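Asker: Quick one, structure for this:
(4 chains)
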Amino acid sequence: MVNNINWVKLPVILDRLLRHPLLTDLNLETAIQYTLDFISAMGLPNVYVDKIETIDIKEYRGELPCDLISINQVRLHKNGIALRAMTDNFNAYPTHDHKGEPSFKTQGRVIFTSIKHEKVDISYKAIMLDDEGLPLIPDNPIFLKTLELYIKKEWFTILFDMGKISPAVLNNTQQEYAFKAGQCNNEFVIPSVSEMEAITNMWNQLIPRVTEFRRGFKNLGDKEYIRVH
Amino acid sequence: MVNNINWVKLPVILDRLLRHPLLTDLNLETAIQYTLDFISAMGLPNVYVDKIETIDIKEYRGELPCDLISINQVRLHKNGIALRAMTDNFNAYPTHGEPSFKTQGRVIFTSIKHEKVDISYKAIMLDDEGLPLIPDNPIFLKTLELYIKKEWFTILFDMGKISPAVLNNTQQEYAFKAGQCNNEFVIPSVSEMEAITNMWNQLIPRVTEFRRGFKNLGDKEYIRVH
Amino acid sequence: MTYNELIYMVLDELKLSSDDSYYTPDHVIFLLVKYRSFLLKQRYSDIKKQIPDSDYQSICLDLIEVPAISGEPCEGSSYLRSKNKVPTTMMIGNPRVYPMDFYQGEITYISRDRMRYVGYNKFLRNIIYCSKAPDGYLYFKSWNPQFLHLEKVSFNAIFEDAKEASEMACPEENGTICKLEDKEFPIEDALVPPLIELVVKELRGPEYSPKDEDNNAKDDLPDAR
Amino acid sequence: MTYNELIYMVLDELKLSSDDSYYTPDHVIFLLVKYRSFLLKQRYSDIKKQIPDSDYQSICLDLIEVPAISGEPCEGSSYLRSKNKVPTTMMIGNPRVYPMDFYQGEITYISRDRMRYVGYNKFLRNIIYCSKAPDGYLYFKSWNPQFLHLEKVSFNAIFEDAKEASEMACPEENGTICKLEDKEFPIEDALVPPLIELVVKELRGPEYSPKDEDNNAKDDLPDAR
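Answerer: Numbering: from 1, shown residues only, chains lettered A, B, ... in the order given. I have put the structure below:
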């Protein structure tokens, strides 16, 4: 992302929506759901906050944090060795012989690892919250314009099923959302001048680096210097 | 950009919107919001103000300036080595190298514990008042006018107060001026094409311009092959 | 304008000026309030427009902590409800429960059919939901135990009966208004001449119809008496 | 024109000459104000057109600092509001609050619904917002505490009740106008010939309608006395 993600509270989005006299019965309760339906559908990873937490595995099981949404990487606390993913169908289940590589698996508020008794560090992503327990949205007026249009798109769809909006008004709102929801995708994704140096070092390599996942993706963007002979 | 950015206030654009008698209920409070959306939707980096500010890193973290919007680069203050981008997932987390940075809130996460860095960033130019200051370029002013007119006429078309041949004409007229403003402000100057003519023409390529402050991007290759 | 000016421009257009007239002002107060709701539903239900600030009424409410059914422990959590019954809002405006300040507080008036499954989102558990029950009281609901400390709320909506919401009206700064006819009629002035013409046409025909004047233990209307 | 030039044209087209008449000037002021609001909604609310400078009224307001709910500390920040109640605006023109100078100042007249979430942009923290509350007052809100030093504004709009806004009119250079019928009527002169015709037709039919002329403890309107 090129810009910085400054945080503003949710009543900024109702400065803009209630400028339209057809959307004046929007509420904070209606704006809380339509913001979270939007943030998840757009899926821009720069909207979430990066958190690191150490949890302890009891018996191939650990208790996962409350505010988690998605895990970037799990590692081991003693080695720093990262864990990949459990492809095993038969993880902690022993044969009657009562009988290699760390891996993990996450479903709910539980993590299923291939290690028995060890501490693991989990680098995850959460929603950034307010003083209130509400989501805190970015300041970028491409994001705020396309969030304004999304809430306007789902409200006008409800009026069109009732029959209180002509079909050319929804068809224009579905069109104007469709461009700004792509323009918001291109804004939050396209790398910076600082972030294109981290891709210039990864892409240009005389001797290829194919084990960055074993580290914490730390040297993914590091310059591969070559001695002169 | 060939032309120059002379700054004029926000009420220059409401000289022009209230020329149209359907738009006369506009305020400045309406013009401030639709102008900041326009500055974001175009994204033209000759409209922002390049500023430089140094900060102090406490423990892999530093406090950021108030009017920061986009960081050009971050470099070390004692050396000058620019910091690239934090690809790490486990930055300051210890178990039981090359500097990089990462910035989300008013907080910048570096990979260095105790240093001073130099942040080159971009801000909006403000007035006597605390209000944004728009360029005087009439290509910029004609497509901000048509923008606010398009966001107003969309609202009147939702109410049923504007024929769709009026909105279809305004959306088309703005979309040409949106490309015209995107082209006026991006296309390099005569003075800025030589900075590309020195970068393109390179026998021995320079692939380390980010380590310096992008200083020598248009420095010339004086290659006497003898 | 008040009720008094609207009653007495229906009456003075009908010339029901005599004390001994068959159609009293109580015929008109009924027929103005029903033809108001008829007139608002015919303009503002076809497509969505702006309702003006004048079709609304603000009523003040006092809430009491009532259980779900009775004092049993395994029947659920308790609610709040108004001490009095609440007028039925029309579904054409922006109903709004506010804590005696319109520009503050997020109390969300919802439908009665939605409220039995509500608040299950984790970012919607501190919100106070409202609906008017089949009993007629406005019920309040949250997952937050702080919401049972509400004592006074108001309610600004387009109610069906203009008479019902005029009696529960918010107290003015000078004082409460004793007579019904001295309170503001809740309709826009742009709809008053369609409102007057409908009530007058409703009662102009029956005004010249014959009455059963004879006391003869016999129906005298078939002979036009 | 004034009210008197408009009242007495309906009175002379109906030939309501005598003081011993049923339909007074007070019947005509009611119908001239409610049809000015009706004709302005029928013309200027379908699609957006130019309102002239003629249909507007300027009312003077004195502002007092009021709390949010009561004198409590944690209830929210304070407001300003007018001393008197404000006439409800029609949604057809450019309503505009200005500090006794029309070409200066940014006070933004918005809806009551927008004003509960307003000014949270860092560039819109210095702008004073107006709306007409369900109490009937005009409340002022800003994040800048300098806005509490307002003492007087004005308000140019197309109000619903023309008579409600001519009583709060701004004082002239010579002095105030004591008689209401000597104040100007707020309508464009290209709307008066459809305005007069509707008020006359509403009163021409009931002008020649029969009355209960006899004092006999009995309704004589079926018998057309």
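
Asker: and residue C:81, backbone torsions?
Answerer: Residue C:81 adopts backbone torsions of phi -150, psi 150, taken as degrees, to the nearest 10.

Asker: distance of it from residue C:139?
Answerer: Per Cβ to Cβ, to the nearest Å, residue C:81 is found 5 Å from residue C:139. C-betas here are computed from N, CA, C, even on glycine.

Asker: which neighbours do the two share?
Answerer: Shared contacts of residue C:81 and residue C:139, defined by Cβ atoms under 8 Å, 6 or more residues apart in numbering or on different chains, comprise residue C:133.

Asker: all strands for chain A, in order.
Answerer: Secondary structure of chain A, counting by DSSP state E: strands at A:7-8, A:49-56, A:62-63, A:70-76, A:82-83, A:104-106, A:110-113, A:119-126, A:137-138.

Asker: which one's the longest helix in chain C?
Answerer: When chain C is parsed with DSSP state H, its longest helix is helix C:25-43.

Asker: which parts of the next helix or strand after that one are buried?
Answerer: Note on helix C:25-43: by DSSP states H and E, the next helix or strand toward the C-terminus is strand C:57-66. By neighbour count on 16 or more other Cβ atoms under 10 Å in any protein chain shown, the buried set for strand C:57-66 is C:57, C:58, C:59, C:61, C:63, C:66.

Asker: beta partners of the fourth one?
Answerer: Meaning residue C:61. Residue C:61 has these beta-bridge partners by DSSP bridges: residue C:153.

Asker: Next, find the distance separating it from residue C:101.
Answerer: Per Cβ to Cβ, residue C:61 is found 14 Å from residue C:101.

Asker: cool, the second one as well?
Answerer: The spacing between residue C:58 and residue C:101, counted by Cβ to Cβ, is 12 Å.

Asker: do the same with the third one
Answerer: Taking Cβ to Cβ as the criterion, residue C:59 is separated from residue C:101 by 15 Å.

Asker: For chain C, which residues are neighbours of chain B?
Answerer: Residues of chain C lying close to chain B by Cβ under 8 Å from any Cβ of the partner chain are C:47, C:49.

Asker: okay but residue C:194 is in contact with residue C:40, surely?
Answerer: No - applying Cβ atoms under 8 Å as the test, residue C:194 and residue C:40 come out as separate, 10.8 Å apart.

Asker: neighbour count winner among the two?
Answerer: residue C:40 (22 against 14; other Cβ atoms under 10 Å in any protein chain shown).

Asker: give the contact list for the more buried one.
Answerer: Taking Cβ under 8 Å, 6+ apart, we find residue C:40 in contact with C:55, C:90, C:92, C:158, C:187, C:191.

Asker: And stretch A:203-223, what's buried?
Answerer: Buried, per 16+ other Cβ under 10 Å, within stretch A:203-223: A:212, A:215, A:216, A:217, A:218, A:219, A:220, A:221, A:222, A:223.

Asker: what's near enough to touch residue 56?
Answerer: Reading this off chain A. By Cβ under 8 Å, 6+ apart, the residues touching residue A:56 are A:62, A:118, A:119, A:120.

Asker: ah, I was thinking of chain C
Answerer: So residue C:56 contacts C:93, C:156, C:157, C:158, C:186, D:134 (Cβ under 8 Å, 6+ apart).

Asker: tell me which element the last one falls in.
Answerer: Yep, that's residue D:134 we're talking about. Here residue D:134 sits in a region with no helix or strand, counting by DSSP H and E.

Asker: isn't it right up against residue C:156?
Answerer: Yes - between residue D:134 and residue C:156 a contact is recorded at 4.6 Å, counting by Cβ under 8 Å.

Asker: Please say which of the two ends up with more neighbours.
Answerer: residue C:156 (25 against 19).

Asker: Surely that one is in a strand?
Answerer: Yes - counting by DSSP: H, G, I helix; E, B strand; the rest coil, residue C:156 is found in a strand.

Asker: For residue C:95, see how far away it is.
Answerer: 7 Å.

Asker: residue boundaries of the helices in chain A?
Answerer: Using DSSP H, the helices of chain A run over A:13-17, A:28-42, A:143-162, A:167-187, A:197-203.

Asker: which one of those has the most crowded surroundings?
Answerer: The highest mean neighbour count among the helices of chain A, using mean count of other Cβ atoms under 10 Å in any protein chain shown, belongs to helix A:13-17: a mean of 23.

Asker: which helices and strands sit right next to that one?
Answerer: helix A:28-42, helix A:143-162 (3 or more Cβ pairs under 8 Å, 6 or more residues apart in numbering or on different chains; DSSP states H and E).

Asker: I'd like to know which elements the first one is packed against.
Answerer: Judged by 3+ Cβ pairs under 8 Å, 6+ apart, the packing partners of helix A:28-42 are helix A:13-17, helix A:143-162, helix A:167-187.

Asker: try it again with 6 Å
Answerer: helix A:143-162 (3 or more Cβ pairs under 6 Å, 6 or more residues apart in numbering or on different chains; DSSP states H and E).

Asker: do the helix it packs on and chain D meet at all?
Answerer: No - Helix A:143-162 stays clear of chain D (Cβ under 6 Å from any Cβ of the partner chain), getting no nearer than 9.5 Å.

Asker: Dump that helix to PDB, restricted to CA.
Answerer: Listed next in PDB are the C-alpha coordinates belonging to helix A:143-162 (Å, rounded to 0.1, in the frame of the first residue of the first chain):
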ATOM      1  CA  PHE A 143     -12.100   3.300   1.200                       C
ATOM      2  CA  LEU A 144     -14.700   5.700   2.700                       C
ATOM      3  CA  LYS A 145     -16.300   6.400  -0.700                       C
ATOM      4  CA  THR A 146     -16.600   2.700  -1.600                       C
ATOM      5  CA  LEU A 147     -17.900   1.900   1.900                       C
ATOM      6  CA  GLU A 148     -20.400   4.700   1.400                       C
ATOM      7  CA  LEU A 149     -21.500   3.100  -1.900                       C
ATOM      8  CA  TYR A 150     -21.600  -0.500  -0.500                       C
ATOM      9  CA  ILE A 151     -24.000   0.500   2.400                       C
ATOM     10  CA  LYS A 152     -25.900   2.500  -0.200                       C
ATOM     11  CA  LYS A 153     -25.900  -0.600  -2.500                       C
ATOM     12  CA  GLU A 154     -27.400  -3.000   0.100                       C
ATOM     13  CA  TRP A 155     -29.900  -0.500   1.400                       C
ATOM     14  CA  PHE A 156     -31.100   0.300  -2.100                       C
ATOM     15  CA  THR A 157     -31.400  -3.400  -2.900                       C
ATOM     16  CA  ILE A 158     -33.900  -3.700   0.000                       C
ATOM     17  CA  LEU A 159     -35.800  -0.700  -1.400                       C
ATOM     18  CA  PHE A 160     -35.900  -2.300  -4.900                       C
ATOM     19  CA  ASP A 161     -37.300  -5.500  -3.600                       C
ATOM     20  CA  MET A 162     -40.000  -3.500  -1.800                       C
END
